[PDB]
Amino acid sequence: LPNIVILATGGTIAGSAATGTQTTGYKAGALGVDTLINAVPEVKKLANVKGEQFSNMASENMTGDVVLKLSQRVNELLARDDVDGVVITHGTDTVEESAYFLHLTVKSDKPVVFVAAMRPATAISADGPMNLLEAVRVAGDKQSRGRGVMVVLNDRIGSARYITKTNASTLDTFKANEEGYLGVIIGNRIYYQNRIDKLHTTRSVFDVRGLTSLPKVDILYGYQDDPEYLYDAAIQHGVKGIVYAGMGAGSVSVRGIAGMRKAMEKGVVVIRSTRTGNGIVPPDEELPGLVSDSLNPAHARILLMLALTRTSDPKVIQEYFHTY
């Protein structure tokens, strides 16, 4: 059997409420990893699992300094001969951010699978137990190697680069509308469909081993009447990058243009992304900043933060956006 480490960070998957139908007033990140494992003893037929408690928080409180430590820990684990893969239990709300960070920074082809749940462990029809079992199956399969970081929920295997939480509250929320899933798990069998045609993991140039902090990057929304003062505030607080969750294809109002030009004059890198949820922001030399390709704003922030650890050259940063 493969040796899988379950590295727990918190989330609703580790939530415990007073009744089976209670959806508020409980902490998302209360139960320990061994309680998760022991609720699905079937996992022991799939792998030799060892639980490690990395943190226990709601993912809306996950921070880059913590995700950096997570990446460093996972790199240490996967460097061991006695670790075949890692499953990371996490909150759903920012799992796409943490997962994409590890996608770019983990220097191994051994699987790294993020798993989460939309219902707490105490819920009627809780999804966490099956999601964890699926995640372990994926992490221990030798066919799962070399595929980049994955996010597994609801019988689907999503690439960290494409997968996003698309719905505030449903079990099927994690989708990649234009890129689909890497694979699916049906009837206790994994079906791989796609390999992502982007750089990642052992083919990624990003390395943050030995870093202890990351560049500051903020995200500003685009909308009718969007204000220039938010750009001024970000600049004043020393951001190194701004990701613009733009109207349409990174379109920018007269006010946003003024903000962006100010930022660029102070050496801030601006990435024009989109608030729409999907698709390509194409190059446009008449507008300020760089473009995000198909990265959504949350992902774009992660790639920009990592880019800024190793370059300040806009040409190189733009090329990263087209290749990672």
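Numbers follow the displayed sequence, beginning with 1.
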Segment of higher mean CA temperature factor, 128-136 or 224-232: 224-232
299-307 versus 17-25 - greater average Cα B-factor per the deposited record: 17-25
Residue, from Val152, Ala168, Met247, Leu214, that the PDB entry assigns the highest Cα B-factor: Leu214
Residue, from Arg119, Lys107, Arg156, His90, that the PDB entry assigns the highest Cα B-factor: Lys107
Chain third (lowest, middle, highest) by recorded CA B-factor, residue given as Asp293: lowest
Where the record places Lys44 (Cα B-factor, split into thirds across the chain): highest
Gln72 CA temperature factor, ranked by third within the chain: middle
Lowest, middle or highest third - CA B-factor, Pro111: middle
Assigned third (lowest, middle, highest) for the C-alpha B factor of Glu96: middle
